[PDB]
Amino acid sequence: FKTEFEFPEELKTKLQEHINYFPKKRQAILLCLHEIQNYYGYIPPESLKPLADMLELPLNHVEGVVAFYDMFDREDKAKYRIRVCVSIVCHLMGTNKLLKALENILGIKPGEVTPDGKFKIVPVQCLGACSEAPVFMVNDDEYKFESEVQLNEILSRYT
């Protein structure tokens, strides 16, 4: 049956590392949240109570922070987040062709997850690679979009 959520050991250790890294524990909130999102494929809402304990912070504070920062997601688990730039330069150079190709390959639109929980398209603002527009990221990896065939090959690397 149900139990009070606890972090797995592997993760609890990485979390404690970030908290020990800065002079004040609360300064590690964002590194901790990036780590949680990396481990679960999202931010579980139940994970916020015990992160608050470890940060010696009120829960509402942690929740406010989670809500403010756009990289964090509490709704949709995904193995691979496909961040697609929808800002000015990528728009002019073919954001729409990249999304079309993403729909043709994966069968999904911005904001949706593939049925298997593997890929979620996440529209983002300028990714700071405007010369290589249109730009997308797959988790931490970042690329220029060239064509459907070239895109498919990139995606074939995530398994």
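We number the residues from 1 along the sequence you see.
Determine, for stretches 12-20 and 140-148, which one has the higher mean CA B-factor as deposited.
Of 140-148 and 12-20, the stretch with the higher C-alpha B-factor average is 12-20.
Looking at the entry, does 126-134 or 102-110 show the higher mean C-alpha B-factor?
Comparing averages over the C-alpha atoms only gives 102-110.
Name the residue from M93, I121, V65, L59 with the greatest C-alpha temperature factor listed in the entry.
By C-alpha B-factor in the record, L59 ranks first.
If you rank every modelled residue in this chain by C-alpha B factor, which third holds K79: lowest, middle or highest?
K79: CA B-factor falls in the middle third of its chain.
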